[PDB]
Amino acid sequence: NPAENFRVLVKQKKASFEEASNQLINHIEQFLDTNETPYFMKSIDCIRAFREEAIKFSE
Amino acid sequence: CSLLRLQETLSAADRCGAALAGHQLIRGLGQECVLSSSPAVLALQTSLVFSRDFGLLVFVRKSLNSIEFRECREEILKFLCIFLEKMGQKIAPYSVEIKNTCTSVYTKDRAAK
Amino acid sequence: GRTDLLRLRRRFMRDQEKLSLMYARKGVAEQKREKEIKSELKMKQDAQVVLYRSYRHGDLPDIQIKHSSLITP
Amino acid sequence: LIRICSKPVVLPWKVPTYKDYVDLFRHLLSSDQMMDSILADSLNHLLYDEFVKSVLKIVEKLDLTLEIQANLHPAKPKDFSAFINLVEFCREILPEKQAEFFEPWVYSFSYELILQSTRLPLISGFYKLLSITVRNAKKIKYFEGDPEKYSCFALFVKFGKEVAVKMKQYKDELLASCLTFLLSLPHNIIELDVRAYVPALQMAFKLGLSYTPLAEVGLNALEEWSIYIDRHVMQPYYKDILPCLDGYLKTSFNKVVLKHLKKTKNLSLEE
Amino acid sequence: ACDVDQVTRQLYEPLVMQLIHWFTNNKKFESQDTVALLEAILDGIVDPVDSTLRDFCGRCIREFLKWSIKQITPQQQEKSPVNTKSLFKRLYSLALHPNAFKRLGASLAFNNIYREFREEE
Amino acid sequence: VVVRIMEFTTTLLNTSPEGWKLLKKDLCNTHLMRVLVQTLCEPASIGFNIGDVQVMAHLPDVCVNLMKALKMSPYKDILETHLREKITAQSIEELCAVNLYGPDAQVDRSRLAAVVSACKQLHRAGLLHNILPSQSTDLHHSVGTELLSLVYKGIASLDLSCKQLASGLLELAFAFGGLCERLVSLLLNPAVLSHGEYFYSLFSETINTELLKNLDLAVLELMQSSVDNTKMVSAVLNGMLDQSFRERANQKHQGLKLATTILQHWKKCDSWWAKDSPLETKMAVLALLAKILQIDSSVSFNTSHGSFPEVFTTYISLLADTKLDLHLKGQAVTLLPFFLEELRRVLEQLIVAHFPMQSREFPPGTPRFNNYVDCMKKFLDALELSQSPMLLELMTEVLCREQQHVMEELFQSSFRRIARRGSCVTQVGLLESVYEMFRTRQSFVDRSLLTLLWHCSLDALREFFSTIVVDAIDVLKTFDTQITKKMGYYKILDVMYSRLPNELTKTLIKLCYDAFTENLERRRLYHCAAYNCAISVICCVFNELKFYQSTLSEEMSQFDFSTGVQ
């Protein structure tokens with residue numbers, strides 16, 4: 001749900017935004033004892049989308 | 001009640017000089033204030049005409065430069081303040097004469113003080 | 001002095017705020033004010049009537065009673 | 001009103017009461033002086049009408065069921081407690097307002113109350129509220145000898161005479177309401193057959209001798225008949241009613257400091 | 001004894017029951033108990049007011065006659081001028097009086113005494 | 001005298017049937033017919049009859065008994081002729097068209113009310129068209145039209161007397177048949193100022209009272225209206241459901257019947273269903289169907305009993321609507337206790353889409369945060385009413401993803417409120433489910449199991465233990481997973497040791513006392529846990545010091561149900 005939030009956050013300013021890296025690390029890391037296969041699919045979609053976003057401009 | 005005796009004494013307490021008379025006056029005024037500070041339903045009615053005669057007395061006699069009268073003046077102004085605040089709007093007959101006395105007090109020889 | 005628990009726990013203010021306690025104090029004062037109001041409203045009526053002679057109960061009257069029982073009323 | 005009447009009564013976090021709302025409703029009914037200013041950037045009568053219709057429909061909705069185990073055994077005690085709470089609340093919230101707005105209901109509402117009283121002629125709150133409405137009607141001077149007015153006259157005289165003949169057989173806390181109503185009638189209708197009212201007022205003042213409110217309401221009612229009736233029929237029962245009046249005639253912080261006395265900023269039997 | 005107050009009556013009715021139980025005694029069964037009982041009748045049977053007095057004295061006289069019958073030997077009380085028969089004549093005359101107060105007093109007194117008279121055979 | 005001779009005639013007609021009416025026929029005139037009709041129409045039109053007490057209060061029904069008795073009697077022809085002479089609905093048709101509103105005339109209002117009462121008594125006597133024949137059709141449509149015209153020109157108002165007169169005229173129209181489509185057309189008036197809505201807001205009580213007699217024809221008419229009509233159809237069904245819930249003294253099967261009809265009479269009009277209506281229309285329709293569901297029993301249409309699959313699938317779809325707001329979605333959720341895997345999986349994926357990361361990222365006062373707190377409290381209420389096991393598992397899973405990130409005190413309070421509710425076997429099913437899903441995972445037991453155990457029932461605890469005896473015994477024998485599983489097992493056994501002394505526990509004393517025997521803080525927690533277990537085994541055994549060292553309430557509830565919130 002904050003995925004689109006930092007998507008528009010890195011779209012509006014396009015800085016280095018390692019905070020986005022921390023946010024995606026947090027999103028992925030919530031996986032230790034209970035499987036989250038729908039959340040897992042959401043997570044992989046978000047990391048892919050930010051992957052092309054990073055490919056896009058500078059990072 | 002005793003306020004009649006007290007007003008008589010205060011009217012009789014400004015014959016000579018002897019500013020100790022003014023001390024008797026201020027102490028007395030303290031007692032009549034606290035006696036009439038909290039009437040139940042009745043003593044206020046007598047207290048109204050007592051205020052009438054006392055304002056008359058201070059207007060006609062306590063009209064000089066003696067500080068023994070000046071301290072009486074300030075204390076009775078505060079005293080009338082608290083009575084009229086307590087008594088509310090029931091002193092309509094005495095309002096215009098109180099205004100006359102108060103304007104006189106401003107125009108009194110105390111205007112040099 | 002067996003009630004030292006109350007005195008030891010009476011003033012543990014340290015984990016509390018000052019003006020919050022002040023508001024609590026003044027609110028308590030307000031409730032005491034209307035408590036006094038209702039108390040004097042209750043006291044408006046006459047004071048409680050007190051008797052002056054203890055009354056025994058039975059199916060036959062008890063003439064054997066003290067002289068106080070009649071003199072005090 | 002359902003929530004207000006829902007609160008129980010116990011007599012000898014804090015549990016609230018029911019008497020606190022009286023100033024709220026008084027403000028609701030007399031806040032014209034500021035609702036006009038609110039309108040700047042009538043309707044009080046409309047909310048009065050809504051209140052009246054709501055309370056009447058709700059009181060007529062409520063069941064009044066008792067049991068046999070003379071013995072008074074209500075069958076729905078919680079409903080009866082809510083009933084007494086609401087009836088006490090309504091009898092204390094009406095006096096400060098004027099029944100000029102209540103004027104449409106003086107026939108129909110009173111008729112419904114008469115029906116309810118005929119259903120159960122043992123409810124003190126019935127006579128409390130009837131006294132309230134009838135003093136409201138006499139305050140607004142509704143009685144003038146309109147078919148609705150004549151119907152009200154007939155209803156009132158019938159109810160008065162029947163409750164006068166029935167109150168002799170009632171008990172305390174119940175006949176007190178009846179006699180309170182009886183003294184609370186307007187003079188014109190009770191110009192007739194003072195023979196019924198004389199013992200009623202006699203026992204009314206007899207009870208007032210130990211319970212003041214009955215005494216002063218009887219005083220007001222008495223002075224009312226004294227002023228508003230011809231003396232012809234006044235003479236005969238005076239020799240009966242005056243001797244009972246022999247009762248009540250056996251009787252026997254702050255300092256020099258000036259702080260404007262904020263203690264004083266705020267606002268029986270000898271009476 | 002029928003006044004509208006708590007402590008007053010709360011001690012009054014014990015007194016009236018106490019005196020009733022004393023006057024029921026067969027040693028002094030006659031010549032003064034008659035006055036007490038006739039007054040305890042005429043109070044509530046004859047009054048335009050205070051129906052509480054009427055029912056209270058009806059209960060009182062019901063208890064009085066109950067105490068008399070349970071306590072006193074019968075032959076004494078029927079040989080006494082006062083008995084249930086005198087009460088019968090009082091009620092029978094009382095119903096026929098033109099005054100409604102007298103008739104309703106008779107009715108209420110009979111309603112009180114029925115619960116004990118029904119056991120009589 | 002009048003009332004007594006009247007009831008005497010009633011007794012003569014009823015106790016002595018028409019084979020014995022010849023004695024009355026011997027009177028040969030029955031001249032009382034020409035006074036009694038005035039008596040019915042007006043007490044003033046007869047002897048005084050004033051008094052306004054039980055005698056003339058009970059005059060109408062005994063009079064109706066008289067009219068029925070004469071209706072059997074052959075005198076009924078002349079009696080009906082005299083009734084027509086006294087009133088023919090043509091002597092009164094102009095009298096109701098005099099614009100009685102305002103304080104202009106009141107005797108007209110009085111006489112109109114009197115004739116209304118007389119003919120409603122005739123209805124109680126069963127005399128509607130035999131005495132007042134209708135038009136070419138089978139209605140008297142003029143009354144509703146004149147009511148609508150009067151209320152239109154009333155503001156372009158009324159009185160309480162006018163209000164009750166209008167209600168009387170409404171029930172007079174209700175005495176006739178076929179009025180359902182008429183009133184549907186009247187309420188469908190789009191005259192703006194609308195006007196049919198104004199009429200409904202005036203006389204909803206009378207409208208719903210009449211349409212309670214209708215069962216499906218009203219449902220059909222509102223169906224055909226529902227192609228574009230939305231607000232007024234919602235209002236009329238609200239009136240239906242409110243009156244059905246209100247009527248209990250007779251029965252409550254009216255609500256069941258209407259619910260069955262409308263479920264069978266909805267599927268042809270689904271312009272509320274799915275994305276074809278505004279959002280406000282969607283919350284309106286979900287709230288009203290929620291009221292419908294709470295009317296009927298849960299068992300009624302919990303499985304395939306009719307249109308249940310369609311409405312259930314629509315429930316699923318509307319809750320799967322991403323465009324639907326999360327708070328409104330939860331409001332629709334709140335009626336889950338009337339309910340297979342499909343709902344569970346769509347719910348889990350939606351709540352995954354709804355709650356990304358705890359509550360810290362949602363600041364206090366943030367609208368998302370407030371929607372979240374509303375959601376969790378309404379799931380708490382829903383599970384309190386439903387105790388759904390897999391849904392309890394979902395609540396635990398979303399709950400136990402961070403300590404104190406969420407209002408866990410509400411959750412444990414709900415745990416207390418549900419542990420004493422439900423069947424003991426059902427509760428044990430919940431316990432074994434939450435135990436299985438346990439296999440940090442410690443958060444599960446820590447935040448739920450002690451609470452549910454201390455609020456559980458004795459027999460349920462006994463049977464659950466007897467289920468899990470060896471399932472714990474084996475467990476007694478990276479490694480952090482083993483440590484956490486041991487944490488859970490020691491805590492649950494420690495919790496349940498306060499009930500009663502198989503009897504194979506003779507070694508568990510050492511098996512839990514072995515804590516302090518051996519010599520990162522995980523192990524400190526381990527020793528503390530096992531020592532607590534020792535405490536629990538000791539507190540029950542070996543007393544010696546050898547341990548090997550209402551009516552108004554109903555009305556308020558009905559008002560809340562009409563509100564739908566509490």
# chains A, B, ... in the order shown; residues from 1 in each chain; ligands from 1
$ residues_around --residues "segment 188-195 of chain F" --least-positions-apart "6" --cutoff "9 Å" --atoms "only C-alpha atoms" --output "CSV table (one decimal) with N, CA and C atoms, in the first residue's frame"
chain,number,residue,atom,x,y,z
F,148,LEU,N,-53.0,14.6,-1.9
F,148,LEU,CA,-51.8,15.1,-2.5
F,148,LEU,C,-51.9,16.5,-2.9
F,151,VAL,N,-51.7,18.6,0.3
F,151,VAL,CA,-50.4,18.8,0.9
F,151,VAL,C,-49.5,19.6,0.0
F,152,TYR,N,-49.7,19.6,-1.4
F,152,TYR,CA,-49.0,20.4,-2.3
F,152,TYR,C,-49.3,21.9,-2.0
F,225,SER,N,-40.6,-0.2,-10.5
F,225,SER,CA,-40.1,1.2,-10.3
F,225,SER,C,-38.6,1.2,-10.2
F,229,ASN,N,-35.7,4.2,-10.0
F,229,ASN,CA,-36.1,4.8,-8.7
F,229,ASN,C,-35.3,4.1,-7.6
F,232,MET,N,-36.7,6.5,-3.0
F,232,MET,CA,-38.0,6.2,-2.4
F,232,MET,C,-38.2,4.7,-2.3
$ interface_residues --of "chain C" --to "chain D" --cutoff "10 Å" --atoms "only C-alpha atoms" --output "ChimeraX atom specification"
/C:44-46
$ write_last_selection --atoms "C-alpha atoms" --output "PDB file, in the first residue's frame"
ATOM      1  CA  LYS C  44     -32.819  23.661  54.030  1.00  0.00           C
ATOM      2  CA  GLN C  45     -35.438  21.527  55.768  1.00  0.00           C
ATOM      3  CA  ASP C  46     -35.724  21.238  59.533  1.00  0.00           C
TER       4      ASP C  46
END
$ atom_distance --atom1 "atom CA of residue 364 of chain F" --atom2 "atom CA of residue 406 of chain F"
11.9 Å
$ select_by_dssp --residues "segment 6-74 of chain E" --states "alpha helix (DSSP H)" --output "number ranges by chain"
E: 6-23, 33-45, 51-71, 74
$ interface_residues --of "chain E" --to "chain C" --cutoff "10 Å" --atoms "only C-alpha atoms" --output "JSON, numbers by chain"
{"E": [7, 11, 14, 15, 16, 17, 18, 19, 20, 21, 22, 23]}
$ residues_around --residues "residue 407 of chain F" --least-positions-apart "3" --cutoff "10 Å" --atoms "only C-alpha atoms" --output "tab-separated table (two decimals) with N, CA and C atoms, in the first residue's frame"
chain	number	residue	atom	x	y	z
F	359	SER	N	0.69	-0.25	12.45
F	359	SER	CA	-0.04	1.01	12.55
F	359	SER	C	0.86	2.21	12.77
F	373	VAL	N	-8.72	1.69	12.64
F	373	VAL	CA	-9.21	1.41	13.99
F	373	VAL	C	-10.70	1.08	13.95
F	376	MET	N	-10.79	-2.59	12.84
F	376	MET	CA	-10.47	-3.59	13.85
F	376	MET	C	-11.57	-3.70	14.89
F	377	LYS	N	-12.16	-2.57	15.30
F	377	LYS	CA	-13.23	-2.67	16.29
F	377	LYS	C	-14.46	-3.37	15.72
F	399	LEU	N	-3.08	-9.76	13.94
F	399	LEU	CA	-2.82	-9.21	15.27
F	399	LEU	C	-1.35	-9.38	15.64
F	403	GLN	N	4.24	-6.55	18.54
F	403	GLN	CA	3.72	-6.28	19.86
F	403	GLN	C	3.42	-4.79	19.99
F	404	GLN	N	2.32	-4.48	20.67
F	404	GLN	CA	1.86	-3.14	21.06
F	404	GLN	C	1.73	-2.17	19.89
F	410	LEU	N	-8.16	-4.21	23.48
F	410	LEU	CA	-9.47	-4.48	22.89
F	410	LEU	C	-9.56	-5.93	22.44
F	411	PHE	N	-8.47	-6.44	21.87
F	411	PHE	CA	-8.47	-7.82	21.39
F	411	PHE	C	-8.61	-8.81	22.53
F	412	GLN	N	-7.91	-8.59	23.64
F	412	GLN	CA	-8.05	-9.52	24.75
F	412	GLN	C	-9.39	-9.36	25.45
$ atom_distance --atom1 "atom CA of residue 487 of chain F" --atom2 "atom CA of residue 445 of chain F"
8.8 Å
$ residues_around --residues "segment 83-100 of chain F" --least-positions-apart "2" --cutoff "9 Å" --atoms "only C-alpha atoms" --output "PyMOL selection string"
chain F and resi 37-38+41+78-81+102-106+108-109+112+115+131-132+146+150+162
$ atom_distance --atom1 "atom CA of residue 563 of chain F" --atom2 "atom CA of residue 238 of chain F"
10.3 Å
$ residues_around --residues "residue 40 of chain A" --least-positions-apart "6" --cutoff "12 Å" --atoms "only C-alpha atoms" --output "JSON, numbers by chain"
{"A": [27, 28, 29, 30, 31, 34, 46, 47], "F": [349, 352, 353, 356]}
$ residues_around --residues "residue 63 of chain D" --least-positions-apart "4" --cutoff "10 Å" --atoms "only C-alpha atoms" --output "MDAnalysis selection string"
(chainID D and resid 59 75:76 79:80 83) or (chainID F and resid 550:552)
$ residues_around --residues "segment 251-262 of chain D" --least-positions-apart "5" --cutoff "10 Å" --atoms "only C-alpha atoms" --output "list in words"
residues 30, 31, 33, 34, 37, 38, 78, 79, 81, 82, 83, 85 and 86 of chain B; 270 of chain D
$ write_last_selection --atoms "N, CA and C atoms" --output "compact mmCIF listing (two decimals), in the first residue's frame"
# COMPACT_ATOMS: atom_id res chain seq x y z
N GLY B 30 -15.74 48.72 59.76
CA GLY B 30 -15.51 47.30 59.56
C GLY B 30 -16.60 46.44 60.18
N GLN B 31 -16.98 46.75 61.43
CA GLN B 31 -18.03 45.93 62.04
C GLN B 31 -19.38 46.09 61.33
N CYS B 33 -19.94 46.78 58.26
CA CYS B 33 -19.81 46.09 56.98
C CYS B 33 -20.01 44.60 57.15
N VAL B 34 -19.28 43.98 58.08
CA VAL B 34 -19.40 42.53 58.22
C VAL B 34 -20.75 42.13 58.80
N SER B 37 -22.82 42.50 55.78
CA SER B 37 -22.28 41.77 54.64
C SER B 37 -23.18 40.60 54.27
N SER B 38 -23.68 39.87 55.27
CA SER B 38 -24.50 38.68 55.05
C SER B 38 -25.79 38.78 55.86
N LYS B 78 -15.29 51.34 49.11
CA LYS B 78 -15.15 49.90 48.91
C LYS B 78 -16.32 49.15 49.53
N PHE B 79 -16.78 49.62 50.69
CA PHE B 79 -17.84 48.95 51.41
C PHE B 79 -19.14 49.01 50.61
N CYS B 81 -19.31 49.43 47.48
CA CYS B 81 -19.08 48.55 46.33
C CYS B 81 -19.57 47.15 46.63
N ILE B 82 -19.10 46.59 47.75
CA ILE B 82 -19.44 45.19 47.99
C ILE B 82 -20.91 45.03 48.35
N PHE B 83 -21.52 46.01 49.04
CA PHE B 83 -22.95 45.89 49.31
C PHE B 83 -23.77 45.94 48.02
N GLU B 85 -22.83 45.29 45.02
CA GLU B 85 -22.60 44.06 44.28
C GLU B 85 -23.43 42.92 44.87
N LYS B 86 -23.52 42.86 46.20
CA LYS B 86 -24.33 41.84 46.84
C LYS B 86 -25.82 42.15 46.71
N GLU D 270 -41.86 29.46 57.17
CA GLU D 270 -42.20 30.83 57.54
C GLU D 270 -42.98 31.51 56.43
$ interface_residues --of "chain F" --to "chain D" --cutoff "10 Å" --atoms "only C-alpha atoms" --output "JSON list (two decimals) with N, CA, C and O atoms, in the first residue's frame"
[["chain", "number", "residue", "atom", "x", "y", "z"],
["F", 50, "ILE", "N", -73.12, 12.78, 25.72],
["F", 50, "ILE", "CA", -71.83, 13.32, 26.13],
["F", 50, "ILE", "C", -71.39, 12.63, 27.42],
["F", 50, "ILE", "O", -72.18, 11.96, 28.10],
["F", 51, "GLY", "N", -70.12, 12.78, 27.74],
["F", 51, "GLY", "CA", -69.55, 12.14, 28.91],
["F", 51, "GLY", "C", -68.14, 11.66, 28.65],
["F", 51, "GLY", "O", -67.31, 11.68, 29.55],
["F", 52, "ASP", "N", -67.87, 11.26, 27.41],
["F", 52, "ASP", "CA", -66.52, 10.98, 26.93],
["F", 52, "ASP", "C", -65.81, 9.96, 27.82],
["F", 52, "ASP", "O", -64.63, 10.11, 28.17],
["F", 53, "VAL", "N", -66.53, 8.91, 28.21],
["F", 53, "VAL", "CA", -66.02, 7.89, 29.11],
["F", 53, "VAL", "C", -66.20, 6.52, 28.49],
["F", 53, "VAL", "O", -66.50, 6.40, 27.29],
["F", 54, "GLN", "N", -65.96, 5.48, 29.28],
["F", 54, "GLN", "CA", -65.93, 4.12, 28.76],
["F", 54, "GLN", "C", -67.24, 3.71, 28.09],
["F", 54, "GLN", "O", -67.24, 2.81, 27.25],
["F", 57, "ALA", "N", -66.95, 5.10, 24.82],
["F", 57, "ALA", "CA", -65.73, 4.51, 24.29],
["F", 57, "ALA", "C", -65.99, 3.11, 23.76],
["F", 57, "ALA", "O", -65.42, 2.71, 22.73],
["F", 106, "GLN", "N", -63.83, 24.48, 11.75],
["F", 106, "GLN", "CA", -63.51, 23.26, 12.48],
["F", 106, "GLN", "C", -64.68, 22.30, 12.58],
["F", 106, "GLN", "O", -64.46, 21.10, 12.76],
["F", 107, "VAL", "N", -65.92, 22.79, 12.47],
["F", 107, "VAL", "CA", -67.08, 21.91, 12.48],
["F", 107, "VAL", "C", -67.07, 21.02, 11.25],
["F", 107, "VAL", "O", -67.51, 19.86, 11.31],
["F", 159, "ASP", "N", -52.29, 20.78, 10.40],
["F", 159, "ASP", "CA", -52.42, 20.76, 11.85],
["F", 159, "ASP", "C", -52.45, 19.32, 12.33],
["F", 159, "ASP", "O", -52.59, 18.38, 11.55],
["F", 160, "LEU", "N", -52.31, 19.16, 13.65],
["F", 160, "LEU", "CA", -52.41, 17.83, 14.24],
["F", 160, "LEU", "C", -53.79, 17.23, 14.01],
["F", 160, "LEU", "O", -53.92, 16.04, 13.71],
["F", 161, "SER", "N", -54.83, 18.06, 14.14],
["F", 161, "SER", "CA", -56.17, 17.61, 13.76],
["F", 161, "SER", "C", -56.23, 17.29, 12.28],
["F", 161, "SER", "O", -56.80, 16.28, 11.87],
["F", 550, "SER", "N", -39.26, -5.95, 29.07],
["F", 550, "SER", "CA", -39.27, -4.49, 29.10],
["F", 550, "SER", "C", -39.96, -3.92, 27.86],
["F", 550, "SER", "O", -39.97, -4.54, 26.80],
["F", 551, "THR", "N", -40.52, -2.72, 28.01],
["F", 551, "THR", "CA", -41.22, -2.05, 26.92],
["F", 551, "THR", "C", -40.45, -0.85, 26.39],
["F", 551, "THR", "O", -40.24, -0.74, 25.17],
["F", 552, "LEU", "N", -40.02, 0.05, 27.27],
["F", 552, "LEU", "CA", -39.22, 1.19, 26.83],
["F", 552, "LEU", "C", -37.88, 0.72, 26.28],
["F", 552, "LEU", "O", -37.38, 1.27, 25.29],
["F", 553, "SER", "N", -37.27, -0.28, 26.91],
["F", 553, "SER", "CA", -36.03, -0.84, 26.39],
["F", 553, "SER", "C", -36.26, -1.47, 25.02],
["F", 553, "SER", "O", -35.41, -1.34, 24.13],
["F", 555, "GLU", "N", -38.53, -0.52, 22.85],
["F", 555, "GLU", "CA", -38.69, 0.59, 21.92],
["F", 555, "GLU", "C", -37.34, 1.20, 21.56],
["F", 555, "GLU", "O", -37.09, 1.53, 20.39],
["F", 556, "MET", "N", -36.46, 1.37, 22.54],
["F", 556, "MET", "CA", -35.13, 1.90, 22.27],
["F", 556, "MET", "C", -34.34, 0.97, 21.37],
["F", 556, "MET", "O", -33.62, 1.42, 20.47]]
$ closest_residue --among "E:99, E:73, E:107, E:86" --to "residue 38 of chain E" --atoms "only C-alpha atoms"
E:86
$ closest_residue --among "D:229, D:204, D:178, D:22" --to "residue 241 of chain D" --atoms "only C-alpha atoms"
D:204
